[PDB]
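Residue-level listing of the chains:
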Amino acid sequence: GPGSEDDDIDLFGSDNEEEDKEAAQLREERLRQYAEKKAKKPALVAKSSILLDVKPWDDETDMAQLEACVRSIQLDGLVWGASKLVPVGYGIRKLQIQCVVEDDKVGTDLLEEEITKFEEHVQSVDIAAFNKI
């Protein structure tokens, strides 16, 4: 229907459109990018604050790069809070990272999926606690 000023009529020769299989996918990809990078209006949006603990494999595993792995997750509405190290066992100390997610954009999916891929440096990803804000 109506989107950006028009709805379906061609008044703009700046867009080539094209009727192609890959083009169709790319047309939709344009909307995905607009919905993701834009449409994010600040309002009373629900948020979750999840405390995950990033546990390293060994002392040799660097704690700062553990934090770096989590802090490089780029999603609009994925906010990082304070992180602290909690010493637990022999050698292994866990990094507790607070993440604040804007629920109407970013689900925990993004953080859960990404940090479990980061398990190349992280031994296991444990959940410390879940809080709503």
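The rules behind the values
Residues numbered from 1 in each chain as written, not as in the entry; some residues may be left out. Heavy atoms only, no water. Core = buried A, V, L, I, M, F, W, Y, C linked by side-chain atoms within 4.5 Å. Buried < 20%, exposed > 50% of the residue type's maximum accessible area, 1.4 Å probe, protein only. Helix = DSSP H or I, 4+ residues; strand = E, 2+ residues; numbered from the N terminus. Contact = heavy atoms within 4.5 Å. Patch = residues over 30% accessible without salt bridge, like charges linked within 9 Å, V, L, I, M, F, W, Y side chains within 5 Å. Areas by Shrake-Rupley, 256 points an atom, 1.4 Å probe, with all protein chains shown as cover. Salt bridge = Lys/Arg side-chain N within 4 Å of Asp/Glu carboxyl O. Pairing = 2+ DSSP bridges. Axes fitted to C-alpha atoms, helices over the stretch in contact; angles between N-to-C directions.

Generally speaking, soluble globular proteins have nonpolar side chains that are buried together. Counting 17 residues, the largest nonpolar core has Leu52, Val54 and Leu111 as its most contacted members. In terms of residues, this core owes the most to one element, strand β3 (residues 93-102), which gives four residues. Aside from chain neighbours lying at most four places away, what touches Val54 is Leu66, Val70, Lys94, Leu95, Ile97, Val122 and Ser124.

With a phi close to 60°, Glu17 is a non-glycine residue in the positive phi region. Within the secondary structure, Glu17 sits in the segment before α1 (21-37). With a relative accessible area of 48%, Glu17 lands in the partly exposed category. The residue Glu18 is not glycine, and still its phi comes out positive at about 75°. By secondary structure assignment, the location of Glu18 is in the segment before α1.

Attention now moves to a nonpolar patch on the surface. Side chains of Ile9, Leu11 and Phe12 sit close together on the surface and give an oily, nonpolar patch of about 350 Å² of accessible area. Relative to the helices and strands, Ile9 is located in the segment before α1.

In this section: the sheet that holds strand β2 (residues 78-87). The strand order β2-β3-β1-β4 describes an open sheet built from four strands, whose pairing is antiparallel. Because the sheet does not close on itself, it has two edges, and the strands there are β2 and β4 (122-132). Ignoring which end each strand starts from, the neighbouring axes of this sheet average 20° apart. In the sheet, strand β1 (residues 47-56) pairs with β3 via eight bridges, with the strands oriented antiparallel. Pairing of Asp53 across the sheet is with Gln96, part of β3.

Our focus in this paragraph is the pairing of β2. Pairing analysis gives eight bridges linking β2 to β3, with the strands arranged antiparallel. Bridge pairing in β3 places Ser83 opposite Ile97.

Read these as spatial facts, not as claims about activity.
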